[PDB]
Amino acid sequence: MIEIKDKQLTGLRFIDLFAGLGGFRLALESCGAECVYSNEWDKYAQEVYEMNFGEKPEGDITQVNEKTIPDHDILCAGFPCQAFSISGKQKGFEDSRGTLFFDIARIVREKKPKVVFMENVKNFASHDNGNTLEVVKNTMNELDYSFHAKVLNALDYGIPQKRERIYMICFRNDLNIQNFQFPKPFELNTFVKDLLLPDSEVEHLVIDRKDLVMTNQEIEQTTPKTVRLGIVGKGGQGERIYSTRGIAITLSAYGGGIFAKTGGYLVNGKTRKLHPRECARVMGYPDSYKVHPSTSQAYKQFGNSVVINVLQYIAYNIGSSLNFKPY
C-alpha cells in the first residue's frame, strides 16, 4: 500500500461485507474512514481478520437481518466471483455463490449509504452478454444511485500483477456527485523481482520437475507484462513459469496445478511458486499484516483478495468527490 496524506474519508463510516482479509478495510482506513461492521463466513478468514483488526466478522450475510446493520456512509463489497470468473463454469445468478449481489442490494435498500463500492473479476463485465452487469446497473439505479463501472488492471497502479478487476462506484442520487473519476494510470516502477523474499526463506518452494520446457529466454530488461519463460506438464493453470523481471499473473483462490494459486517463477536459476508473504506483497498488503498460519488458507485468502493500492486510489477519489460541496 501507499501513504495517504489527505485523509479524504475522515469522519465517514463504512461496512466491510465479504470481508475476506480486509483489503477494503486497509484501503478505506488509510483514508481516515472508520469501519463499523464486517461480515465474512469462512472460519479461517475470520481468524486472520480478527488477528489483524481485533474483531470477528458476522457470519452468513444471507441470514443477517438487513435492519441490524449499523448506519454507514460507504458499503464496501468484493462479492464472490467463482460464478463469473473466466476460469470457472460461469453459471452466474443461477449459482449458489452467485446471488450475493442481491443480498448487497437488500442491504442498500434499507440503509441507503452515501456510497456502494463493489469489486469483481474482469469477466463480470462481459458475463452473459453484459446482462449481469446490466442487472447490477439497473438494480443500483432503481435504488436511486449513479453507477460508475470500470475494469482496472493492477499493473497500471504500481503493483506488478496483471489482476484485472471491475470496480463499481455508486453514489446516492441526492448527493449530485458529478465529478467522480477513476484514477489515471501511471508507469510501473516495481517488478516481481523487487518483492521476493531472500532465497534462504524460500527453498522449500522449489520444485525440480524433469518436464520443464523452456519456451522463451529470460529477459535482461524489466517490463510491465507477464513474460512466460516456460511450462511444466501441459502448461495449464498452475503449470506456467514466468520471469521475475516482468509481473505476476493473477493470484487465485481454488487454483490448481503444481504452482497452484500463484504460478511459477524463474528465480536465480531455480523454479518456484510464491510464498504467502510474496502473495501479500503482490496484493499490496504491508509487511505488517499477519498472514494466516495455514499456508493453504493464506494462499486461498490472497487469491480471493484485492490489490490495496488500487482501492486506496479509488477510495481517495470517492472522498474527493464527496468533499466538493461549493456554495
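Rigid core: the largest C-alpha set superposing within 1.5 Å between the two forms. One-based numbering along the sequence shown.
Each structure in 8 other deposited structures of this protein is fitted to the shown form on the rigid core, and of 98-106 and 117-125 the C-alphas lie farther away on average for 98-106. Larger average C-alpha displacement in 8 other deposited structures of this protein, relative to the shown form after a rigid core fit, is seen for 74-82 when comparing 74-82 with 137-145. Annotation for 161-169 versus 207-215: the higher mean temperature factor (C-alpha) is found in 207-215. Mean CA temperature factor is higher for 95-103 when stretches 117-125 and 95-103 are set side by side in the entry. Of the residues listed, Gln90, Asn153, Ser146, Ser252, the entry assigns the biggest Cα temperature factor to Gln90. When the C-alpha B-factors of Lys184, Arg240, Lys111, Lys137 are ranked from the entry, the top spot goes to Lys111. For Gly59, the recorded CA B-factor ranks within the middle third of the chain. Only modelled residues enter the ranking. When the modelled residues of the chain are ordered by C-alpha B-factor, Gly32 sits in the lowest third. Ranked against the other modelled residues of its chain, the C-alpha B-factor of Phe259 as given in the entry falls in the highest third.
Remark: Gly269 belongs to the highest third of its chain, ranked by C-alpha B-factor as recorded. In the PDB entry, a CA B factor belonging to the highest third of its chain's modelled residues is recorded for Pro70.
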